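# Observations on the model geometry
Residues per chain, in single letters:
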Amino acid sequence: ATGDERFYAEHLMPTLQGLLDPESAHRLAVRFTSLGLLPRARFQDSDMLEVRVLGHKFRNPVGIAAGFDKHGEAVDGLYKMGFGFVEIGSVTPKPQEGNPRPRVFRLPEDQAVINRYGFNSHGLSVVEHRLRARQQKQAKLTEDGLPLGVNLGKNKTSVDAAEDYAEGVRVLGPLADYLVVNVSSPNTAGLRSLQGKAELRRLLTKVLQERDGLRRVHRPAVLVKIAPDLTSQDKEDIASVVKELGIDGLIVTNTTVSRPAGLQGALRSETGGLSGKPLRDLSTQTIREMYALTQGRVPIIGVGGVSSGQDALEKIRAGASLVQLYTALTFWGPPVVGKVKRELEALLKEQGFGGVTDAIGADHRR
Ligand SMILES: Cc1cc2nc3c(=O)[nH]c(=O)nc-3n(C[C@H](O)[C@H](O)[C@H](O)COP(=O)(O)O)c2cc1C
Ligand SMILES: C/C(=C/CC/C(C)=C/Cc1c(O)c(Cl)c(C)c(C=O)c1O)[C@H](C)O
Ligand SMILES: O=C(O)c1cc(=O)[nH]c(=O)[nH]1
């Protein structure tokens, strides 16, 4: 390990967290990142970490999960941090405030967070203009193995969920390498019901028609982000719809409304989605299930509790082609990105994989 990793993890981050409420801390993190005020990213990505998936090259398989940069303000700073790809959002069609404060909570004893933001969003028009200001810069980044994802949500008061997602495809689709249909936020009433077979089929048919209507150079992959709290029936149904419609991939998983036995944080019974270590293995097992149900033919972005190279490799071996993290960044700071990549490379070598690609779904072939 490096000195930076230790300093951030043991001293700087815990000290700053002791001084700032979680939302203020988040806002400062976005601001600092957007301005490029970050420790020097020492880790050079090796060829072993390159993944080709979703019609793109990814320089490394470690991305920033949705919810950190909700409004597309810090994309370049996130690449500077060493992320192989950036996902922004969720973005709603109209601007909306989200829930009253406080709405984010740290569980330090669990290395977890609970949030109930409720899709606070600058809205499609603001984010569209923000991305347009760097659209050609992004085109070059994408070509150089650094793709951009855009995660779409729906407004609280909308009377037509499918039309909300359709508007997101039309407005932000042309600026994204991939789009995410987020039907798994636990913080918007009725949203998770869109994961049901009939609702999902209707919704995704509309989303895919809108995507297919975009010009070729502006036509993103479409992925669906799912909950960790689905029944076996729900998962079978999602896999069936994914295959029927030719959905490009899955993001597995969002936060959990479960509260695993053993949580110690004083704030464990706050309403919202739980992220970080207590989610890790629930997410891994959901990746494992979804990979098997889709016969390994549908790319999966694995997310939930990734804080180390071992966490990343477990999700990759379970069937993820790429991974994302968020909560680990909140505890360990920017050095966690290089840490995960360096550990992942070392483990791939130790386990006799030629690269990340060889390890994808390896557990299913044991
Ligand atoms: C504060 C916070 C805000 C989030 N906002 C979003 C969001 O807007 N859209 C989304 O799809 N996921 C959102 N997520 C979920 C993350 O993208 C990710 O699925 C989840 O936190 C698991 O990863 P982690 O354990 O590495 O944080 C959010 C998570 C947190 C902690
Ligand atoms: C350059 C940086 C300075 C960070 C200062 C700080 C105090 C971060 C903790 C933190 C939290 O405590 C919490 Cl609760 C959240 C949600 C977030 C959400 O992002 C979060 O970043 C970052 C590391 O990129
Ligand atoms: O905005 C939020 O509350 C939010 C959205 C989401 O998809 N996941 C999450 O944990 N929080």
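Residues numbered from 1 in each chain as written, not as in the entry; some residues may be left out. Chains lettered and ligands numbered in written order. Heavy atoms only, no water.

Method of determination, as annotated in the archive: X-ray crystallography, at 1.79 Å resolution.

## Focus: the site of ligand 3
In the region of ligand 3, the neighbouring residues are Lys70, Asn115, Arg116, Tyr117, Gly118, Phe119, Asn182, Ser185, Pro186, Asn187, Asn254 and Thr255. In the environment of ligand 3, an oxygen atom lies 3.0 Å from a nitrogen or oxygen atom belonging to the side chain of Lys70. In the model, a nitrogen atom of ligand 3 is placed 2.8 Å from a nitrogen or oxygen of the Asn254 side chain. Contact with the protein chains covers 92% of the free accessible surface of ligand 3, which is 290 Å². Considered class by class, the residues forming the shell around ligand 3 number three nonpolar, seven polar and two charged. (Near = heavy atom within 4 Å. Polar contact = N/O pair within 3.5 Å; in protein donor to acceptor, adjacent residues only side chain to side chain. Areas by Shrake-Rupley, 256 points an atom, 1.4 Å probe, with all protein chains shown as cover. Nonpolar A, V, L, I, M, F, W, Y, C, P; charged D, E, K, R; others polar.)

## Here's the deal with the sheet that holds strand β5 (residues 104-107)
Across the sheet, three strands lie side by side as β5-β6-β11; this open sheet has antiparallel pairing. In this open sheet, the two edge strands, each paired with only one partner strand, are β5 and β11 (273-276). Taken pair by pair, the neighbouring strands of this sheet meet at an average axis angle of 25°, ignoring direction. As judged from the four bridges shared by β5 and strand β6 (residues 112-115), these two strands associate in the antiparallel manner. Across the sheet, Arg106 pairs through a bridge with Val113, a residue of β6. (Pairing = 2+ DSSP bridges. Helix = DSSP H or I, 4+ residues; strand = E, 2+ residues; numbered from the N terminus. Axes fitted to C-alpha atoms, helices over the stretch in contact; angles between N-to-C directions.)

## Observations concerning the packing of helix α8 (residues 232-245) against helix α9 (residues 280-293)
Look at α8 against α9: their axes get within 9 Å of each other, and the N-to-C directions meet at 45°. Here α8 lies oblique to α9, going by the angle between them. The hand of the α8/α9 crossing is right-handed. Contact with α8, carried on its side by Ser232, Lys235, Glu236, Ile238, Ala239 and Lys243, involves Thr286, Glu289, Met290 and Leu293 of α9 and no other residues of that element. Residues of the contact of α8 with α9, tallied by class, amount to four nonpolar, two polar and four charged. (Parallel < 35°, antiparallel > 145°, perpendicular 65-115°, else oblique. Left-handed = near helix turned anticlockwise from the far one by under 90°. Contact = heavy atoms within 4.5 Å.)

## Details of the pairing of strand β4 (residues 85-91)
With seven of seven residues buried, β4 is to be regarded as a mostly interior element. Across two bridges, the pairing between strand β3 (residues 62-64) and β4 is parallel. When the bridges of β4 are listed, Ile64 appears paired with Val86. Note that the unit made of β3, helix α3 (residues 75-80) and β4 has a crossover that is right-handed. Note that β4 and strand β7 (residues 148-152) share five bridges and pair parallel. What sits directly across from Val91, in β7, is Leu152. (Buried < 20%, exposed > 50% of the residue type's maximum accessible area, 1.4 Å probe, protein only. Right-handed = clockwise from strand over helix to strand, strands pointing away.)

## Comments concerning the environment of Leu325
Summarising the element assignment, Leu325 is placed in strand β13 (residues 322-325). Here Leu325 falls in the buried class, since its relative accessible area comes to 1%. Along the primary structure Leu325 and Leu19 are separated by 306 residues, whereas in three dimensions their C-alpha atoms are 24 Å apart.

## Some remarks on the pattern of salt bridges
Applying the stated criterion to the full structure yields 26 salt bridges. Note that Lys341 is salt-bridged to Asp45, the shortest N-O span being 2.8 Å. Taken as a pair, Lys341 in helix α12 (residues 335-350) and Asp45 in the loop between α2 (22-34) and β1 (51-53) lie far apart in primary sequence, 296 residues in all. A relative accessible area of 3% places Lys341 in the buried class. The salt bridge involving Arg280 is made with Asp281; its shortest N-O contact spans 3.0 Å. One salt-bridge network, held together by shared partners, links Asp21, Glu23, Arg27, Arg101 and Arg103. (Salt bridge = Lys/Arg side-chain N within 4 Å of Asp/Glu carboxyl O.)

## What to know about the sheet that holds β4
Strand order in the closed barrel formed by eight strands is β3-β4-β7-β8-β9-β10-β12-β13, with parallel pairing between adjacent strands. Direction aside, the axes of adjacent strands within the sheet are offset by 25° on average. Looking at chain direction, β7 and strand β8 (residues 178-182) are connected through four bridges and run parallel. Opposite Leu152, over in β8, you have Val181 as the bridge partner.

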